[PDB]
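# A closer look at the structure
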Amino acid sequence: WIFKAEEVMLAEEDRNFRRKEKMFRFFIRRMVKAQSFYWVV
Amino acid sequence: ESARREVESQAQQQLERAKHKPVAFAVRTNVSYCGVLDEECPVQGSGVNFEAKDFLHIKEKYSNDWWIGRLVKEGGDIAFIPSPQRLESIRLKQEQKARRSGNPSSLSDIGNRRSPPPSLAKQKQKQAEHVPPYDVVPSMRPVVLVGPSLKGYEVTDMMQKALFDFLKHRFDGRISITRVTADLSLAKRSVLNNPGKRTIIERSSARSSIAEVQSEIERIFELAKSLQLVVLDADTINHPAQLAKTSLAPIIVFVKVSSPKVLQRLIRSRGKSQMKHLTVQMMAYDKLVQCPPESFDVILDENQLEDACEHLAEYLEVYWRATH
Amino acid sequence: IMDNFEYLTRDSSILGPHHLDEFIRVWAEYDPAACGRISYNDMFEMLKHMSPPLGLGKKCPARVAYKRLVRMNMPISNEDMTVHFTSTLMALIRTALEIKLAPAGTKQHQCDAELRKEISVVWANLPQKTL
Amino acid sequence: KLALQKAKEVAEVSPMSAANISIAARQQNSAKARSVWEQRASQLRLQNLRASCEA
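Residues numbered from 1 in each chain as written, not as in the entry; some residues may be left out. Chains lettered and ligands numbered in written order. Part of a larger assembly, values for the part shown. Heavy atoms only, no water.

Judging from the entry metadata, cryo-EM is the method by which this structure was determined, and 3.0 Å is the reported resolution.

Quick look at the structure:
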């Protein structure tokens, strides 16, 4: 719940440095929790 | 009699023609009464069978004794609602069937103290409070989130933000969400005729921000008049008891956490900044949990964000289908 | 193993399956044959002849035993010299665990009917023992 | 319990979720295996709690 809320907050803040790497980190943190990554590994 | 049948037919045709007119406003009752059993209804057998604290939508006008309206129930038809003065009359009829209403008791004392009913035996007295049977509540009940901690701290802000985003996305094009920066807990109706009518009085309330609160009250009223769903993001709500005696009567939504350990673990997961306020966060959490379930309107106790999302979505879908 | 699991998990404090053999061994010293019914005096000593753990641990639990023989309907309605092995060991095995007729003491017929419907087909040999 | 609240929250419309749990409650109560180890464990728990209560 908290992470979904945080990514929504970040998206609405950026849509209108730290921001770029934070967006990349969130995208990475979501590409490792999908069934595709599970089956590939 | 031909006149009564003629007025019956006229009222029925008027209802049939006005079934498809824009809704004017809405009210809420606080008394137990049925609109079908009365003989003064212009249409017999098609009254409203309501109870205490029910919501009515009024579209057109009938007279000083009755109005036309529908219920917020799903599939509710058009009936007639007794007027404020008519409800006062029927309430006086409620307290007249008894043996006595005034000061002279009937405890085996008849024929000596007639004691004609004075002003104390009528509705003229008892004006110290004078709670009105009818109140003009907003047409659409505002949706407000409370819990699981103080608004303005990370856990609560995100826990509410996620639900706000879900509501905006699922109901896109049919819902309006605005943040209410101003205070809201002082939504009073019977303080005075006009506390602080002008800002140049330089009085205690003229220089205050109460007028902002009232202005936000009419803003919420007119936005609920629009018939579209409204969700409030005011950061001054931490218990429904602070907004239960007002006129808005918003839909209280509770996003509770199963146990205190989970909440404080969650708080620890944020950092030291929330560790500083963890004490007050726990205090408000336990105080809000001690609030009983009947105080709230809906509950969100599921630990999964999705399940709570579809729960709230189903409740609001039921509300939308009920008021159309 | 599972077929004897209830025996392998005894924790003997309310042991009932194994003490019936001991009771039979003790009772066989008095009764010469079936004889239908036996006298009254033997059972008072019999309550002590058997293993004390079931019926009276010490002198104090004997009071509970004194409560079992009295305070409720007893076969005394028939001949004075009547067996109580149909009413003593039944009473002990009925009150030792799942005891509900003690707090009320009035709804005996319902419990008797439940017991009978649980033993509905025994060829009606117990009716005499239930009394 | 959720299905009880999903019907307790709605009084303005005849709730169909009340029957939803009734028809969906007996689908998961069919797999009551409860092997003899589990039954003996339950009986032992009852005996131990009763002994603690009597003290």
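## Side note on the sheet that holds strand β2 (residues 55–61) of chain B
Residue and element names in this part refer to chain B. The line we're drawing: Pairs of strands are assigned from DSSP output, requiring at least two bridges between the strands. A helix here means a DSSP run of H or I that spans at least four residues, while a strand means a run of E at least two residues long, and both kinds are numbered starting from the N terminus. Here, axes are lines fitted to C-alpha atoms. For helices the fit covers the stretch in contact, and angles between N-to-C directions go from 0 to 180 degrees. We call two residues in contact when some of their heavy atoms are within 4.5 Å.
Taken in spatial order, the 4 strands make up an open sheet running β1-β2-β3-β4, and their pairing is antiparallel. If you trace the sheet from one side to the other, it starts and ends with β1 (25–28) and β4 (78–82), each paired once. Averaged over neighbouring strand pairs, the angle between their axes works out to 45° when direction is ignored. Sheet topology places β1 next to β2; 4 bridges connect them, and they run antiparallel. Considered in β2, the bridge of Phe-25 is made with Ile-58. The strands touched by helix α1 (residues 2–18) within the sheet are β2, β3 (66–71) and β4, with β2 carrying the most contacts at an inclination of about 105°.

## A look at the nonpolar core
Residues and elements named next belong to chain B. For clarity, the cut-off: By nonpolar core is meant a set of buried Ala, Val, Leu, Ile, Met, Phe, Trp, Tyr and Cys residues that side-chain atoms within 4.5 Å join together. Partly exposed describes any residue whose relative accessible area lies between the buried limit of under 20% and the exposed limit of over 50%, with all areas from a 1.4 Å probe on protein chains only and scaled to the type maximum.
Counting 39 residues, the largest nonpolar core has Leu-167 and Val-253 as the members making the most contacts within it. Considering each element in turn, this core owes the most residues, 9 residues, to helix α7 (residues 305–322). Not counting residues up to four positions away in its chain, the partners in contact with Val-253 are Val-143, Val-144, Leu-145, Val-146, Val-298, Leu-300 and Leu-312. Membership of the second largest hydrophobic core comes to 20 residues, among which are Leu-232, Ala-234, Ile-252 and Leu-288.

## Focus on the packing of helix α3 (residues 154–170) of chain B against α7(B)
The packing of two helices is summarised by the inter-axis angle and the distance between the axes. Residue and element names in this part refer to chain B. The line we're drawing: Just so you know how the angles are binned, under 35 degrees is roughly parallel, over 145 roughly antiparallel, 65 to 115 roughly perpendicular, and the rest oblique. Two helices crossing with the near one rotated counterclockwise from the far one by less than a right angle form a left-handed crossing, whereas a clockwise rotation gives a right-handed crossing. Residue type decides the class: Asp, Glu, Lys and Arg count as charged, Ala, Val, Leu, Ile, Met, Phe, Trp, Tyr, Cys and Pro as nonpolar, and the leftover types, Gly among them, as polar.
Two numbers describe how α3 lies on α7: the axes approach to 11 Å, and their chain directions differ by 50°. By the angle between their directions, the pair α3 and α7 is classed as oblique. The two elements α3 and α7 meet at a crossing, and its hand is right-handed. Along its contact with α3, which presents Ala-162, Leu-163, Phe-166, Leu-167 and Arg-170, the element α7 presents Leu-305, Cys-309, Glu-310, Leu-312, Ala-313, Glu-314 and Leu-316. Split by residue class, the contact of α3 with α7 holds 9 nonpolar, no polar and 3 charged.

## Overview of the packing of aromatic side chains
Put simply, the rule reads: Pairing of aromatic rings covers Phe, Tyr and the six-membered ring of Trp, with a centre-to-centre limit of 6.5 Å; geometry is then stacked below 30 degrees between planes, edge-to-face above 60, and tilted otherwise. Two conditions define a charge sitting above a ring: the NZ of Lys or the CZ of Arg must be within 6 Å of the ring centre, and it must be within 35 degrees of the ring normal.
Scanning the model with the defined rule gives 9 aromatic pairs over all chains in all. Considering the side-chain rings of A:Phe3 and A:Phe26, the 5.2 Å spacing of their centres and the 45° angle between planes classify their relative orientation as tilted. Their ring planes at 75° and their centres at 5.2 Å tell us that A:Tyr38 and A:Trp39 sit as a pair that is edge-to-face. Of the two residues, A:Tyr38 and A:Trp39, neither departs from the other in class, the shared state being exposed. Across from the ring centre of A:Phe3, 3.6 Å away, lies the NZ or CZ of A:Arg29, which sits over that ring. Against the face of C:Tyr7 rests C:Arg10, its NZ or CZ located 4.5 Å from the ring centre.

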